[PDB]
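First, one chain by itself in structure tokens, the form deposited in one PDB entry.
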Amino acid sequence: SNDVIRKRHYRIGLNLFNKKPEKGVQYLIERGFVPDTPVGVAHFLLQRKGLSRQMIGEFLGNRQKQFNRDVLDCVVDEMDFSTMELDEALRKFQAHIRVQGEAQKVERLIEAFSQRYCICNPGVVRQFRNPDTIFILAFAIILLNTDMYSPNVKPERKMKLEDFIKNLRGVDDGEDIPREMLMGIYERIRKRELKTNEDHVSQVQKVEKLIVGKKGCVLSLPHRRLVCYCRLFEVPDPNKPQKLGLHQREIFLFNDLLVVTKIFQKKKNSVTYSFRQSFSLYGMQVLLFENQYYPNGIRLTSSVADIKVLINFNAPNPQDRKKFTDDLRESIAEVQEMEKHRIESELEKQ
């Protein structure tokens, strides 16, 4: 059923996945959110939103566990690389799984991808003196894609056509790979970057670009999800009155953090925000207040140590207050069960 507690535990699974993939899959399975078969997890990982592409790659990229190996085989076996050049296939593979990072992870992803490519194109492998060259060429394409489209590497230090060629010299069991073969790859990658589909993290990146000042704090971690944006007015003193537009603050509520900001510069569909403060949802309580001067007040509190008053707002209207305080209150619950589950360290200390 579309139960609040039920839904809330789905999302708790996803958050565990986006921090500790092995733990998150266990969690989703132990509750019947995804089947305990490699095929079932495969389709989950590549079909369900709420899953970070970086950790789908960290999960599949694990070579030790046999289950993880088995799911990667189901993933590649559901991709069709026939009649494709090796880069055109990588474009399709890198579309679902981020291939980048710890070399042991990129090895196991590329290994699984190349094997699938060989099966879909036996005529291409016959053109090679050694079939393993397909792995080396694949890895090369990843690396070229990273460098050609890296902002830290300025054009002048970027890998040019003959740099690429020169690096793949004499690797096909002593012989070069055909120059016209490598040149097609380079032009195709040059014509459009191998991009991975956007996930919740790429929404958090957009936001974090628009907010100057931060205390860190990165903000775009894998587990963190944008939940809600809201315009409320900070109330320094809820016992004194204040002018209806004073202290206007734009509030970004993420699934485990509330960020308070003020508009820095407004313009035609282009706004920046100055970061003011952020609060952790662990131990937060959300109170409503109505008095002589504020009819839609919100007071936020930190019960964890005596009770602390974090911040007071007043929303524009009572509908906004009810949407905001409900979203924040469910996030606070979501975070409470995350730590209530995280005090599992009793089974980790023997």
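One rule holds for the numbers: they count along the sequence shown, beginning at 1. Throughout, rigid core stands for the largest set of C-alpha atoms superposing within 1.5 Å between the two forms.
One more form of this protein exists, namely the form deposited in another entry; it is left out here, but the text below deals with it.
- The residue among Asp80, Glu198, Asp132, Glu175 whose Cα moves by 2 angstroms or more between the shown form and the other one, once the core is superposed, is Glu175.
- A movement of the C-alpha atom of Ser150 reaching 2 angstroms or beyond is seen between the shown form and the other one when the two forms are aligned on their rigid core.
- Remark: with the core as the superposition reference, the CA shift of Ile263 between the shown form and the other one stays below 2 Å.
- Residue displacement note: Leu161 has its CA displaced by at least 2 Å between the shown form and the other one (rigid core superposed).
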